[PDB]
Amino acid sequence: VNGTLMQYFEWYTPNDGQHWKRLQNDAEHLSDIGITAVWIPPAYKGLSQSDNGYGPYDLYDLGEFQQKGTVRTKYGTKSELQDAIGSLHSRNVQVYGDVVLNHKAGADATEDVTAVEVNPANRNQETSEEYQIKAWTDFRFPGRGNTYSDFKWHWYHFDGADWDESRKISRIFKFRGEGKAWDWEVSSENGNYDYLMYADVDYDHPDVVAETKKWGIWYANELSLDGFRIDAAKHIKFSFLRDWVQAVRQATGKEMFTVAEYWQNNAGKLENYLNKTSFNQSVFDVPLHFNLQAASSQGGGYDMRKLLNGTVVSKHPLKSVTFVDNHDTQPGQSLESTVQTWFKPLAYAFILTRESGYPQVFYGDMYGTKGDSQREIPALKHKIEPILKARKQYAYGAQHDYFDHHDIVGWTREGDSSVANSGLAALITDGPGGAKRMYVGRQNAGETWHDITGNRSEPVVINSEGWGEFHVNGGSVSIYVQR
Ligand SMILES: [Ca+2]
Ligand SMILES: [Ca+2]
Ligand SMILES: [Ca+2]
Ligand SMILES: [Ca+2]
Ligand code: NA
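Residues numbered from 1 in each chain as written, not as in the entry; some residues may be left out. Chains lettered and ligands numbered in written order. Heavy atoms only, no water.

Per the deposited record, determination of this structure is attributed to X-ray crystallography, with the resolution reported as 1.7 Å.

What follows is the structure in structure tokens.
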């Protein structure tokens, strides 16, 4: 059966501490609709209870130690998360944990550090003489003590930070120590993009490297994780991420599927990351997201024949996780670039019914986003579920592509003899509707097919040769399958 990932959170998921309970409760629904793996938000204690997890304070605190004035994380307690995972597993759904290793946030105290400022546009350039700062680098874990790990962090485990408590100024500070330098290889944007936010981990420090691998193995074993989602990969030494994934696989003996968030609309840079990590991990198909977003925003003017241009799925399908939107691209967020609602079902058809790539459904698209703009994403589950059913029950067999018109494009799947009544014919259009003759396999001759989305009520009969004349409404999607 085809695999389908679900990102199970959005930016505005509530800080009610009930998200793991929500997931546990949704396990049956997710398995029923065909989700086979869930990517959960960072599960460890952030700089505050309300942090989404991307400002992690203590990786070893999964919502079980009193730190930051709370036991639970934003999402709930450790036991609640373990219950959610147990429910998913009972329904043959896997769980991928989010791994936030770039930086640490929320230090317990400052320390005196010799530092230099660097150019924000070229971090390889020092722009001040050395001076003393007070940086937030002492991480002591007062509520955990030595439980699980007696490692304590200090300035020297980091390459830099962006705040000096002495002068109360925000700059990119690079620390001075013994052979300190920004890590390589990382994205070359801004000269060296090792530094992003908070206190940047130094992946040159041998103790840090060993400790982080130890943590990775611990985290997998503690939650019985089936794989990982790596946050902010372009800001972390690539050979380190390569080795870290391998270390966890060696210890567990498990596949440990991993997808990295390498946030760059550049297929060539994404391919470089794949090479530098020995093709041991997938990447999100950032270019495809941007293409889909472009099509959704040009009011019909986008050349739909070009949807696959420059995408990772077109070049390294087996290493691509395709997606429509995420918590960073949703309205009001840092990488805001939302696929417009009218086009969203078309985009889901594109990632869920095509043969290549590992598609990811976004919780915010299914259930809606709860931000404060007058342009939040509505709950589109009623439009995505039919497309998920198309994936689960019909998207099998040989695929034929029809990227042959500036608005109306489509593809078919012939079905597989081992999946009863499988096969489909999909059409999408960014402009006025119309028709397209497409081949669905001579073995489907004479069959009555119908649009599983309900957008069109008229059935299509496959002729004696395996060709059907399919129809799509304007700015819409139709996916035809056996009646
Ligand atoms: Ca370094
Ligand atoms: Ca970094
Ligand atoms: Ca067009
Ligand atoms: Ca058939
Ligand atoms: Na670093």
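A. Representation of the overall build of the protein chain within the structure. Of the regular secondary structure elements, the protein chain holds 10 helices and 25 strands. For the protein chain, the C-alpha radius of gyration of 24 Å lies close to 23 Å, the compact-globule estimate for 483 residues. Viewed in the frame of its principal axes, the protein chain has a C-alpha envelope of about 80 × 45 × 45 Å. Per-residue burial over the protein chain gives 59% buried out of 483 residues. A fraction of 68% describes how many contacts in the protein chain between residues 6 or more apart in sequence connect residues 24 or more apart. If you sum the accessible surface of the protein chain, you get close to 17,700 Å²; carbon and sulfur atoms cover 46% of it. Distance between charge centroids for the protein chain: 2 Å, based on 49 positive and 63 negative side chains. (Helix = DSSP H or I, 4+ residues; strand = E, 2+ residues; numbered from the N terminus. Rg over C-alpha atoms; globule rule 2.2 N^0.38 Å. Buried < 20%, exposed > 50% of the residue type's maximum accessible area, 1.4 Å probe, protein only. Contact = heavy atoms within 4.5 Å. Areas by Shrake-Rupley, 256 points an atom, 1.4 Å probe, with all protein chains shown as cover. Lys, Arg positive; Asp, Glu negative; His and termini not counted. Charge placed at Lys NZ, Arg CZ, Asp CG, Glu CD.)

B. Fine view of the domain arrangement of the protein chain. On domain assignment, one finds that the protein chain holds domain 1 (1–101 + 206–396), domain 2 (102–205) and domain 3 (397–483). When each unit is reduced to the centre of its C-alpha atoms, the spacing between domain 1 and domain 2 is 27 Å. Each side of the interface is counted separately: domain 1 has 37 residues, and domain 2 has 37 residues. Taking both sides of the interface into account, the surface hidden between domain 1 and domain 2 amounts to around 3,000 Å²; carbon and sulfur atoms contribute 54%. Remark: the boundary between domain 1 and domain 2 carries 4 salt bridges. Between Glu185 and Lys276 there is a salt bridge, with its nearest N and O atoms 2.8 Å apart. Put simply, domain 1 and domain 2 have 24 residue pairs in polar contact between them. Secondary-structure elements contributing two or more residues to the side of domain 1 that touches domain 2 are β4 (56–58), α3 (206–223), α4 (238–252) and α5 (267–276). Considering each element in turn, the side of domain 1 that touches domain 2 owes the most residues, 9 residues, to α3. Residues that form the side of domain 1 that touches domain 2 fall into these classes: 18 nonpolar, 7 polar and 12 charged. (Domains from an automatic or database assignment. Buried area = accessible area lost by both parts, 1.4 Å probe. Salt bridge = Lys/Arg side-chain N within 4 Å of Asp/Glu carboxyl O. Polar contact = N/O pair within 3.5 Å; in protein donor to acceptor, adjacent residues only side chain to side chain. Nonpolar A, V, L, I, M, F, W, Y, C, P; charged D, E, K, R; others polar.)

C. Geometry of the coordination of the calcium ion (ligand 3). Distances from the calcium ion (ligand 3) to its protein donors, namely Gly300 (O), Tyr302 (O), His406 (O), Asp407 (OD), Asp430 (OD) and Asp430 (OD), fall within the range 2.3 to 2.5 Å. All donors of the calcium ion (ligand 3) belong to a single chain; written as a sequence motif, their spacing is G-x1-Y-x103-H-D-x22-D. In this pair, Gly300 is assigned in the loop between α6 (286–297) and α7 (312–315) and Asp430 in the loop between β20 (424–429) and β21 (434–439), connecting sequence segments 130 residues apart. (Donors = N, O, S within 2.8 Å, 3.2 Å for Na, K, Ca; no water.)

D. Here's a closer look at the environment of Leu346. Note that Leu346 resides in helix α8 (residues 344–352). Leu346 sits 121 residues away from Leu225 along the chain, and the two C-alpha atoms are 32 Å apart. In contact with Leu346, not counting residues within four places along its chain, are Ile428, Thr429, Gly475, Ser476 and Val477.

E. The packing of aromatic side chains, seen in detail. Going through the model one piece at a time under the given rule, you end up with 40 aromatic pairs. Ring geometry for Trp215 and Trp244: centres 6.3 Å apart, planes at 20°, overall stacked. Note that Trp215 is positioned in helix α3 and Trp244 in helix α4, a separation of 29 residues in sequence. A single burial state applies to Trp215 and to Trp244, both of which are buried. Each ring, one from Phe350 and one from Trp411, has its centre 5.5 Å from the other, and the planes form 80°; the classification is edge-to-face. Of this pair, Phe350 sits in helix α8 while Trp411 sits in strand β19 (residues 408–413), and the two are 61 residues apart along the sequence. Across this residue pair, the class does not change: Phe350 and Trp411 are buried. Feature note: the residues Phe9, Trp39, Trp263, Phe284, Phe290 and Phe323 constitute an aromatic cluster, connected by ring pairs. Note that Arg144 overlies the ring of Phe141, its terminal NZ or CZ placed 4.6 Å from the centroid. Positioned above the aromatic ring of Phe350, the side-chain terminus of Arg354 is 5.2 Å from the ring centre. (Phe/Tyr/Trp six-rings, centres within 6.5 Å; stacked < 30°, edge-to-face > 60°. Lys NZ or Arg CZ within 6 Å of the ring centre and 35° of its normal.)

F. Quick look at the environment of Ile133. Looking at the element boundaries, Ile133 is found in strand β9 (residues 131–138). Considering only alpha carbons, one finds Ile133 and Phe175, 42 residues apart in sequence, at a separation of 9.6 Å. The contacts of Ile133, once residues within four sequence positions are left out, are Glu111, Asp112, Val113, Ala115, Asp164, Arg167, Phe173 and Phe175.

G. Layout of the coordination of the calcium ion (ligand 2). Protein coordination at the calcium ion (ligand 2) comes from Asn102 (OD1), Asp194 (O), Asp194 (OD), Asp200 (OD) and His235 (O), with a distance range of 2.3 to 2.4 Å. The distance between the calcium ion (ligand 2) and the sodium ion (ligand 5) comes to 4.0 Å, with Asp194 serving as a donor to both metals. In this pair, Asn102 is assigned in the loop between β5 (94–99) and β6 (103–104) and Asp200 in strand β12 (residues 199–201), connecting sequence segments 98 residues apart. The same class applies to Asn102 and to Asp200, which are both buried.

H. Here's a closer look at the sheet that holds strand β13 (residues 227–230). Around the barrel, which closes on itself, the 8 strands sit in the order β1-β2-β5-β13-β14-β15-β16-β17 with parallel pairing between neighbours. The average angle at which neighbouring strand axes cross in this sheet is 25°, direction not considered. Against the sheet, α3 engages β5 and β13, with an angle of about 150° to β5. (Pairing = 2+ DSSP bridges. Axes fitted to C-alpha atoms, helices over the stretch in contact; angles between N-to-C directions.)

I. Quick peek at the pairing of strand β18 (residues 399–402). For β18 and β19, the ladder comprises 4 bridges, and the chain directions are antiparallel. Directly across from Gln399, in β19, lies its bridge partner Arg413. Counting the residues that bridge the hairpin from β18 to β19 gives 5 residues.

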